[PDB]
Amino acid sequence: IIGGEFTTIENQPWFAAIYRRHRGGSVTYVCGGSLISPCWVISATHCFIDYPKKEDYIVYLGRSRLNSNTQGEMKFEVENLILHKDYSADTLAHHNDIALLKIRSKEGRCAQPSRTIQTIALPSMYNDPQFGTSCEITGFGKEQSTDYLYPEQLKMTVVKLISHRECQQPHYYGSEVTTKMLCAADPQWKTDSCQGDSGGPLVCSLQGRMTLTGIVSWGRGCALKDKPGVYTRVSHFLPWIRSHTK
Ligand SMILES: COc1ccc2ccc(C(=N)N)cc2c1OCC(N)=O
């Protein structure tokens with residue numbers, strides 16, 4: 001997250017912190033994710049496509065720091081890593097950039113809802129918020145494009161939804177951004193999601209209710225002028241989510 005503010009997991013209790021185990025025992029942060037039901041975390045396929053071995057991943061719920069244990073955090077393995085069969089990557093655009101992670105503790109249980117661990121409601125079909133609506137993003141991603149390390153503390157920011165027509169303008173992404181993608185940025189281009197925030201939530205308040213409107217997917221640079229953050233539009237994927245969670 002470029003700009004924005006440091007936060008803690010109690011303000012984002014659906015946020016999942018996903019890491020990968022390496023040969024030799026080192027574990028590095030991969031991507032964010034969101035708890036949509038006690039057994040299921042929703043993230044982005046590009047996060048896992050080059051390393052699709054479910055056994056390598058660790059997911060945390062109720063965790064506020066990158067390399068520290070948060071009081072009340074819960075650790076899980078991935079029982080099932082489901083990547084979208086039609087995921088593809090162009091030079092910039094990532095297609096069908098959605099994934100599901102069935103989580104389990106070492107005792108074989110799913111998440112236990114608490115003050116710092118909660119689900120995020122899925123959106124309804126054909127009912128996304130209008131362009132101009134402010135939404136929040138969360139992640140452990142870079143604070144500057146030039147950084148090679150991630151912040152130790154979780155961050156959050158607020159961005160505004162950009163219409164498909166604006167995002168398809170030639171100085172923006174042209175025909176590379178599709179109707180299955182949602183653009184969101186800062187009108188002053190000072191705050192954004194960045195590398196490391198992929199898979200994480202774009203949460204919008206719709207008719208007074210908090211919803212997982214998007215999933216961090218792709219963008220040209222970070223907080224660059226006319227280069228919005230591009231998010232997987234979750235409302236298009238409700239038939240796919242419902243079919244793979246049962
Ligand atoms: C691999 O790096 C990523 C991966 C995912 C991203 C996702 C979103 C954004 C954004 N500008 N909001 C930037 C991202 C990003 O940085 C853009 C880049 N490397 O040019």
Side-chain angles (χ1 to χ4, degrees), residues 1-2 6-9 12-36 38-84 87-89 91 94 96-112 116-117 137-155 193-201 215-219 221-222 232 244:
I1 302 290
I2 316 297
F6 288 108
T7 189
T8 66
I9 201 60
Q12 319 280 347
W14 49 75
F15 182 76
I18 313 174
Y19 305 76
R20 185 165 57 88
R21 295 163 171 117
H22 299 249
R23 314 209 304 271
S26 78
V27 355
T28 59
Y29 188 75
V30 177
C31 281
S34 308
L35 190 68
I36 53 165
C39 304
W40 291 99
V41 166
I42 206 176
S43 180
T45 284
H46 88 245
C47 291
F48 317 105
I49 194 66
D50 298 348
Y51 300 95
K53 202 181 170 301
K54 72 178 204 273
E55 250 76 36
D56 294 350
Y57 296 89
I58 311 154
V59 348
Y60 289 92
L61 297 173
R63 177 146 173 145
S64 292
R65 296 195 82 92
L66 195 67
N67 296 288
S68 314
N69 304 110
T70 297
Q71 187 60 257
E73 78 184 17
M74 298 299 153
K75 188 187 176 171
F76 302 87
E77 283 181 330
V78 180
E79 191 180 338
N80 194 3
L81 182 59
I82 300 163
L83 301 196
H84 198 291
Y87 165 85
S88 79
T91 318
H94 290 243
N96 298 304
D97 203 6
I98 193 161
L100 290 154
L101 284 81
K102 193 187 202 172
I103 52 161
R104 56 170 175 201
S105 67
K106 275 174 179 189
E107 289 62 54
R109 305 182 204 109
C110 300
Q112 174 61 264
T116 62
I117 299 162
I137 48 183
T138 310
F140 285 111
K142 294 171 180 200
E143 297 196 80
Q144 295 305 329
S145 310
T146 51
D147 290 344
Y148 66 94
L149 296 175
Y150 293 155
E152 293 301 330
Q153 201 191 338
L154 184 72
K155 297 190 66 185
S193 49
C194 197
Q195 176 168 18
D197 293 312
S198 295
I215 300 161
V216 184
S217 180
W218 63 271
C222 305
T232 301
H244 290 83

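Any value given below was found using the heavy atoms of this structure, including those in side chains, with hydrogens, waters and symmetry copies removed. Throughout, numbering of the chain's residues begins at 1 and tracks the sequence.
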Trainee: Can you tell me which residue pairs pass the salt bridge (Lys or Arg N to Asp or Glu O under 4.0 Å) test with a partner in residues 41-50, sequence neighbours excluded?
Mentor: none
Trainee: Provide the closest heavy-atom pair for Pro201 versus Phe15 in the form atom of the first, atom of the second, distance.
Mentor: CD-CD1, 3.6 Å
Trainee: Given 3.5 Å as the limit, does a donor-acceptor pair link the side chain of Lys102 with the main chain of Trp40, or not?
Mentor: no
Trainee: Is there side-chain contact between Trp14 and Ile117, with at least one heavy-atom pair below 4.5 Å?
Mentor: no
Trainee: Would you check if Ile9 and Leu154 make a side-chain contact, meaning some heavy-atom pair closer than 4.5 Å?
Mentor: yes
Trainee: Output the distance between atom CZ (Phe48) and atom OG (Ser43), rounded to the nearest 0.5 Å.
Mentor: 3.5 Å
Trainee: Which heavy-atom pair separates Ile49 from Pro52 by the least distance, and what is that distance?
Mentor: O-CD, 3.7 Å
Trainee: Taking side chain as C-beta onward, heavy atoms only, is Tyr57 less than 4.5 Å from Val30?
Mentor: yes
Trainee: What heavy-atom pair brings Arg21 and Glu55 nearest, and what distance separates the two atoms?
Mentor: NH1-O, 3.0 Å
Trainee: Taking the side chain as every heavy atom from C-beta outward, state whether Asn69 and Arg63 have any atom pair closer than 4.5 Å.
Mentor: yes
Trainee: Are side-chain heavy atoms of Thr70 and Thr116 found at a separation under 4.5 Å?
Mentor: no
Trainee: State, to 0.1 Å, how close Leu35 and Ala111 come at their nearest heavy-atom pair, and which atoms those are.
Mentor: CD2-CB, 4.0 Å
Trainee: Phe76: what forms a ring-ring contact (aromatic ring centres under 6.0 Å, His included) with it, not counting sequence neighbours?
Mentor: none
Trainee: What residues, two or more places apart in sequence or in another chain, satisfy salt bridge (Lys or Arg N to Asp or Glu O under 4.0 Å) together with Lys53?
Mentor: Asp56
Trainee: Is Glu77 salt-bridged to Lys106, cutoff N-O under 4.0 Å?
Mentor: no
Trainee: Report yes if some heavy atom in the side chain of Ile36 is under 4.5 Å from a heavy atom in the side chain of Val41; otherwise report no.
Mentor: no
Trainee: Check whether any side-chain N or O of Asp97 sits under 3.5 Å from a backbone N or O of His94 as a donor-acceptor pair, and report yes or no.
Mentor: no
Trainee: Can you tell me which residue pairs pass the side chain to side chain donor-acceptor pair (under 3.5 Å) test with a partner in residues 26-36, sequence neighbours excluded?
Mentor: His22-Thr28
Trainee: Where the side chain of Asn80 meets the backbone of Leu101, is there a donor-acceptor pair that is under 3.5 Å apart?
Mentor: no
Trainee: Whether the side chain of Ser193 engages the backbone of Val216 through a donor-acceptor N/O pair (distance < 3.5 Å, no angle test) should be reported.
Mentor: no
Trainee: If only atom types and distance count, is the side chain of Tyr60 paired as donor or acceptor with the main-chain N or O of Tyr19 below 3.5 Å?
Mentor: no
Trainee: Below 3.5 Å, can you tabulate the donor-acceptor pairs from side chains in residues 145-152 to any protein atom, sequence neighbours excluded?
Mentor:
residue	atom	partner	partner atom	Å
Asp147	OD2	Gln144	N	3.3
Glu152	OE1	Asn67	ND2	2.8

Trainee: How about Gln153 and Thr8: do any of their side-chain heavy atoms sit closer than 4.5 Å?
Mentor: yes
Trainee: Applying salt bridge (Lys or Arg N to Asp or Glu O under 4.0 Å), name anything that partners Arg104, two or more places apart in sequence or on another chain.
Mentor: none
Trainee: So, do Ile58 and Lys75 sit near enough that their side-chain heavy atoms are less than 4.5 Å apart?
Mentor: yes
Trainee: Search all heavy atoms of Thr45 against all heavy atoms of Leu83 and return the closest pair with its distance.
Mentor: OG1-CA, 3.5 Å
